[PDB]
Structure formats: C-alpha cells, structure tokens
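# A look at the structure
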4 protein chains.
Amino acid sequence: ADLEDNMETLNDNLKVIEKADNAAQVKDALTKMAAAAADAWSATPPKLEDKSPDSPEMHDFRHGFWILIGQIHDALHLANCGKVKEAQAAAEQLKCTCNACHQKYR
Amino acid sequence: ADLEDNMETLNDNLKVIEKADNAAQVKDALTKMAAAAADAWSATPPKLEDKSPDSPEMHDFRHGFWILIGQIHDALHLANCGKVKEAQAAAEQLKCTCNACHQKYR
Amino acid sequence: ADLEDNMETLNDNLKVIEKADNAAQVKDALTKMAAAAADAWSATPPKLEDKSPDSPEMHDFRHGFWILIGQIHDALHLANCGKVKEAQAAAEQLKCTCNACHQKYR
Amino acid sequence: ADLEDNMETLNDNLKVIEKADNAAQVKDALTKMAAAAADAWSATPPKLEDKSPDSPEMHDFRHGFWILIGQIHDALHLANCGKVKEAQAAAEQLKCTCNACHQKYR
Ligand code: HEM
Ligand code: HEM
Ligand code: HEM
Ligand code: HEM
C-alpha cells in the first residue's frame, strides 16, 4: 500500500526487464509495475500533504501516474506480441517520466 | 524545411519555454514547436533511408511525432489559459518523447 | 459504490453537461464523473466474472477506464478555463469510449 | 488530395475491414485509412472556410483527425500481432469519432 513500497517495486522490476531475455519474463515484470503504479496513483507524497486534494499539484501528481500507467500498458502490449527488444526499449524510456515527477514532487 | 531545421526550432523553443516569464512567451514558443513537429512528420531520417515508407520503423517514427504533436497541443491549452508553470512542466514531460524518438532513430 | 451506481452517475452527468448553461455546471458534472470512473476501475463486470484478474480481458477493461479518466480530465481543463462549448464537445467525443467498452463487456 | 477523396477512402476501407477474414487484409486496409486521415488533417472543410486558421474550430477540426489517426494506429497494432477480431472491433468503433466530427463540421 505504502508509496515507498510501490516505488521499490517500480524500481526492482525495471532492473528485471533490463536483464530479461524473453517475452514472458518481460510481461510478468510489466504487470507488477502496472499494479504498483495503479496503487501509487491514490497516495499523498510527503511534499504535498499541505495541498488541497483538488489542487493543481495533486491533479498533476495523479496525472503523472496516469502517464506512467499508459506507457506501461504500451510496453506490455509489445511483450504480448513477442516484441521483446521493443518492449525493453519502452521500459528503459519510462525513466524519463519517473524523473519528471521526482523533479517536481520527490 | 529540413529535418535538421525542424529540430533546431524544436530545441531553441524548449529553452525559450524554460526561461519564459509569462504566458504569451510560452504560447508563442509552443505554436512554433507545433509547426515544426507537423513539418518534421513527413521526413525520412538518414537511419531509415533504406527502409520502406511502410516499414514497422517508419510507422513508429511518424507515431512519435503524433505524440509530440498531442503533447504540444495540450501545453498550448494551458498557456492559452495563462497557466504558465503548468505549461513549463508540460514542456519538461514533453522531453521524454524527444528522447525516445532519438534513442531509436538518431 | 456499485458498478451499476458508478454507471448511473456517469450517465446522469453527461446529460447535465449537454444541458448546462455555464462552466460551473459542466465543471461540477465532470468532477462527479472523474470520481465515478476511478471507483468503477476496480470492478469486475458480470461478463468477466469467470476470467482471471490478469486476463487480456480484465487488462483491456481497466484500460478503457484509463482512457475515460484522461478524457474527463482534459474536459475539466477546458471547463476550468471557462470554455463551455468546447467542454461539451469533449463530452460528446467521450461517449465513444463509453460505447467501445459497452460493446466488448456489457 | 481532396477532402472528398480522403473521406471516400476512409469509408471504403472500413467496409473492407468489416468483410476481412485475416490479419494481412486488415492491416492493408488500416494503412490506407491512416494515409487518408493524415492527408485530410491539413484541409479546410466547406463549413470552416471563413474561420481563422488559428481558430478554436480549426484546432479542434485538426484535433479530430489526430484522435482518428491515433485509433487507427491502435487498430493497426492489433492486426500486426495477429489479433484480427480485436482489430475489426476497433475499426467498427472508429465510426463514433467519424460521427462526432461530422456532427460539428460536415
Ligand atoms: C518507473 C518509474 C519510477 C521509478 C523506478 C521510481 C522510483 C522511486 C524510488 C526508488 C524512490 C525512493 C528514493 C528514496 O528513498 O530517496 C521514489 C520516491 C518517490 N517517487 Fe518515484 N519512481 C517512479 C515513478 C514515479 C512517479 C511517476 C511519481 C509521481 C507521479 C513518483 C513520485 C515519487 C515521490 C513523490 C517519491 C518520494 C517518496 C517519499 O517522500 O516517501 N515516482 N521513486
Ligand atoms: C521537442 C522535442 C525534440 C527536440 C528538442 C529535438 C532536438 C533535436 C536536435 C537539436 C537535433 C539535431 C542536432 C543534434 O544532433 O542534437 C535532433 C535530431 C533528430 N531528431 Fe529530434 N528533437 C525532438 C523530437 C524528435 C522526435 C519526436 C523525433 C521523431 C518522432 C525526432 C527525430 C530526430 C532524428 C531522426 C534526428 C537526426 C536527423 C539528422 O541526422 O539529420 N526528434 N533532434
Ligand atoms: C461516460 C461514459 C459511460 C456511460 C455514460 C455509461 C453508462 C452506463 C449505464 C447507464 C449502464 C447501466 C444501465 C444500462 O444497462 O444502460 C452501464 C453499464 C455498464 N458499463 Fe458503462 N458507461 C460508460 C462508460 C463505461 C466504461 C468506460 C466501461 C469500461 C471500461 C463501462 C463498462 C460497463 C459495464 C461492464 C456495464 C454493465 C454492468 C452490469 O451489468 O452491472 N462503462 N454503463
Ligand atoms: C472512418 C472515419 C470517417 C469516415 C468513414 C468518414 C466518411 C465521410 C463521408 C462518406 C463523407 C461524404 C458524405 C457526403 O458527400 O455527403 C464525409 C464528409 C466529411 N467529413 Fe468525414 N469521415 C470520417 C471521419 C471524419 C473526421 C474525423 C472528420 C473531421 C475531423 C471528418 C470531417 C468531414 C467533413 C467536414 C465532411 C464534409 C465534406 C465536404 O463538405 O466537402 N470526417 N466523411
């Protein structure tokens, strides 16, 4: 449940996908990432505890996970069609979104 | 005109967005990026020179511009509404799309 | 609460949007739709009752809500900016997502 | 080039996809649709000739094709992974977008 637990999962599985050598292994990893992203979406980070749940910052915070999940879902779709390398390249790119939210809210 | 020229407009303008003080500045920079992106769409990069107009590759390449185009269009909605900082955050996220395309194709 | 209840909120509110005279009306209706959509996300429809939590099906189903969520969020940006008619047009387009999910899963 | 030519192509190929019984035939059709949508995107419909090229109506007109192409690109991706029925269902759904733009601008 904890935001510091979803982030762990997110970081771990990224490593798993990088080392993967087949589609099934990538798919399995993308799925846990998807689930951790989904769960995180509903959280309040230490930096935004003082902000309106309805604030522009929390709509954006939640919107960053919306973007992530989307990109996880595209990566997953590549792995489901056997396209392993394309799906690992997509997972690699995920880090830019991770960073763009970390820069504003971590 | 050129692909290279399209890319310069894109890169110069992101900087103008980062440094902007007001909405009009960001709006003007996004409009020039929309026009560059649209123009770049029909280009063949030197690394896909030998591939068919209908290669998985050229379709993927065009699609990255489709994404950039939608992003810049959303940033623009923000700037037209005077939301300067959220437009600048949108530009930051936009970089990821730049980079993903450059990883595969530059 | 229920899936059925989530769907009613969704349907009632689209009507309020169509009939609205001003931005505040549309904004309020979109906020109630955002909340319904988020809640509906975790549900299992009676037609996917026998399928795994990780079936191509349940992933596809969740993804339709992901789309609706992003659409309603964009409509909301419009309404927060006072763009009443463009928000109402956004709601019209939004119906397609409703229908696509209902074709596969209702 | 003509807008009345892209619309024809768009309508014809839809019929082709409905009757298709295999992935290659669907893919071929989705590709011509993609090309006709791309070309249409740059046009001025009889109803908007008097509007600013920069108007909210023309940003939206162009934005309707952006949505279409996106959905064509997802349909295509299903066909490229052998998923024929899912890709024909996706092509069927395209009609709701066709209609939502026709309702405002045809
Ligand atoms: C694959 C994508 C991501 C990865 C691998 C990842 C990884 C991490 C890691 C390892 C930490 C803990 C670092 C520390 O203890 O100092 C962290 C924290 C954090 N992350 Fe992420 N992250 C990702 C995406 C995101 C996104 C999209 C958001 C926001 C929308 C986000 C928001 C945050 C915040 C606010 C913290 C600080 C946690 C705290 O103060 O308890 N992360 N992330
Ligand atoms: C706003 C985001 C973007 C920025 C800021 C950007 C920036 C640049 C710059 C400055 C260059 C050439 C100079 C150099 O070597 O650095 C370049 C080259 C290139 N870009 Fe981009 N770019 C962006 C988006 C894209 C996208 C979305 C695509 C494809 C969909 C793309 C494809 C390419 C290719 C293929 C080249 C090399 C072309 C050549 O060698 O002539 N870029 N980019
Ligand atoms: C704003 C758009 C939507 C509207 C207006 C809407 C409307 C409705 C209504 C009024 C019902 C139940 C009553 C009836 O039979 O008509 C319903 C049922 C249902 N909807 Fe939606 N809906 C929307 C979006 C969605 C989406 C996005 C999904 C999936 C991603 C979905 C999945 C379902 C399912 C599975 C049922 C049947 C549930 C049952 O039998 O208990 N709907 N919808
Ligand atoms: C698969 C999707 C689509 C199909 C099958 C389709 C089909 C058609 C057809 C058959 C016509 C001609 C009807 C007549 O002569 O009376 C037409 C016209 C038109 N379409 Fe579409 N359409 C699609 C999508 C769109 C979209 C997305 C837009 C706008 C963004 C659009 C804008 C228009 C307009 C403005 C006209 C009137 C043409 C004129 O006055 O010359 N269509 N379309």
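Residues numbered from 1 in each chain as written, not as in the entry; some residues may be left out. Chains lettered and ligands numbered in written order. Heavy atoms only, no water.

### Here's the deal with the coordination of the iron atom of ligand 2
Residue and element names in this part refer to chain B. At this site the iron atom of ligand 2 is bound by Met7 (SD) and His102 (NE2), with donor distances of 1.9 to 2.3 Å. Taken together, the 6 donor atoms coordinating the iron atom of ligand 2 span angles of 82 to 178° at the metal, a pattern that classifies the geometry as octahedral. A residue pair is termed long-range when its members are at least 10 positions apart, and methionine 7 in helix α1 (residues 3-19) and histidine 102 in helix α4 (residues 84-105) qualify at 95 residues. (Donors = N, O, S within 2.8 Å, 3.2 Å for Na, K, Ca; no water. Tetrahedral: all angles 85-135°; square planar, octahedral: opposite > 155°, others 65-115°. Helix = DSSP H or I, 4+ residues; strand = E, 2+ residues; numbered from the N terminus.)

### Considerations on the state of the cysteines
On inspection of all chains with the given rule, the structure shows 4 disulfides over all chains. Here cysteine 81 of chain A is linked by a disulfide to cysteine 81 of chain D, with a sulfur-sulfur distance of 2.1 Å. Taking the sign of the S-S torsion, about 100° here, the bridge from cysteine 81 of chain A to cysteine 81 of chain D comes out right-handed. Taken together, the residues span two chains, with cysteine 81 of chain A in the loop between α3 (56-80) and α4 (84-105) and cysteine 81 of chain D in the loop between α3 (56-80) and α4 (84-105). (Disulfide = S-S within 2.5 Å.)

### What about a negative patch on the surface?
A cluster of acidic residues, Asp2, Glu4, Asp5, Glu8 and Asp12 of chain A, forms a negative patch at the surface. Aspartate 5 of chain A sits in the partly exposed class, given a relative accessible area of 42%. (Patch = residues over 30% accessible without salt bridge, like charges linked within 9 Å, V, L, I, M, F, W, Y side chains within 5 Å. Areas by Shrake-Rupley, 256 points an atom, 1.4 Å probe, with all protein chains shown as cover. Salt bridge = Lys/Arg side-chain N within 4 Å of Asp/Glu carboxyl O. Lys, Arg positive; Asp, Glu negative; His and termini not counted. Charge placed at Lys NZ, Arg CZ, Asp CG, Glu CD. Buried < 20%, exposed > 50% of the residue type's maximum accessible area, 1.4 Å probe, protein only.)

### Looking at the coordination of the iron atom of ligand 1
Taken together, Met7 of chain A (SD) and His102 of chain A (NE2) make up the full set of protein donors to the iron atom of ligand 1, lying 2.0 to 2.4 Å away. If you look at the iron atom of ligand 1, its 6 donor atoms make angles of 84 to 179° with each other, and the shape they trace is octahedral.

### Quick look at the site of ligand 1
Residues and elements named next belong to chain A. Neighbouring ligand 1 are 14 residues, the closest being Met7, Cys98, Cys101, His102 and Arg106. Here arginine 106 contributes a side-chain N or O atom positioned 2.9 Å from an oxygen atom of ligand 1. When contributions to the shell around ligand 1 are tallied by element, the ones reaching two or more residues are α1 (3-19), α3 and α4. Across the shell around ligand 1, the residue classes break down as 11 nonpolar, 2 polar and 1 charged. (Near = heavy atom within 4 Å. Polar contact = N/O pair within 3.5 Å; in protein donor to acceptor, adjacent residues only side chain to side chain. Nonpolar A, V, L, I, M, F, W, Y, C, P; charged D, E, K, R; others polar.)

### Examining the UniProt feature "binding site: heme b" in chain A
All names here are of chain A. Following the UniProt record, the feature "binding site: heme b" maps to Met7 and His102 here. Taken together, the annotated residues stretch across 96 residues yet fold into one region, lying no more than 11.0 Å apart by C-alpha. Among the residues examined, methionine 7 registers a relative accessible area of 27% and is labelled partly exposed. (UniProt positions renumbered as here; feature names shortened; annotations may be inferred.)

### Quick notes on the packing of aromatic side chains
Summed over all chains, the structure comprises 10 aromatic pairs over all chains. The interplanar angle of 90° and the centroid separation of 5.3 Å between the aromatic rings of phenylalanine 61 of chain C and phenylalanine 65 of chain C together place this pair among those described as edge-to-face. Here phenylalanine 65 of chain C and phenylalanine 61 of chain C lie together in helix α3 (residues 56-80), a separation of 4 residues that amounts to about one turn. Within the aromatic cluster, the residues linked to one another by ring pairs are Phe61, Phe65 and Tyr105 of chain A. (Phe/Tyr/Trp six-rings, centres within 6.5 Å; stacked < 30°, edge-to-face > 60°.)

### Let's talk about the site of ligand 2
All names here are of chain B. Not every one of the 17 residues close to ligand 2 is listed here, only the nearest: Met7, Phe61, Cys98, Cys101 and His102. Contact distances for ligand 2 include 2.7 Å between a nitrogen atom and a side-chain N or O atom of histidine 102. Sorting the residues of the shell around ligand 2 by element identifies α1, α3 (56-80) and α4 as the ones contributing at least two each. The element contributing the most residues to the shell around ligand 2 is α1, with 6 residues. Class assignment for the residues of the shell around ligand 2 results in 12 nonpolar, 3 polar and 2 charged.

### A look at the relation of the copies chain D and chain A
When chain D is fitted to chain A, the residual RMSD is 0.0 Å, and the transformation amounts to a turn of 180° plus an axial shift of 0.0 Å. The transformation relating the two chain copies, once decomposed into turn and shift, fits a two-fold axis. Of the C-alpha atoms belonging to chain D, the one lying closest to the rotation axis is found on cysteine 81 of chain D, 2.8 Å away. Both copies share a contact surface, since 100% of the interface residues of chain D are interface residues in chain A too. (Least-squares fit on C-alpha atoms. Contact = heavy atoms within 4.5 Å.)

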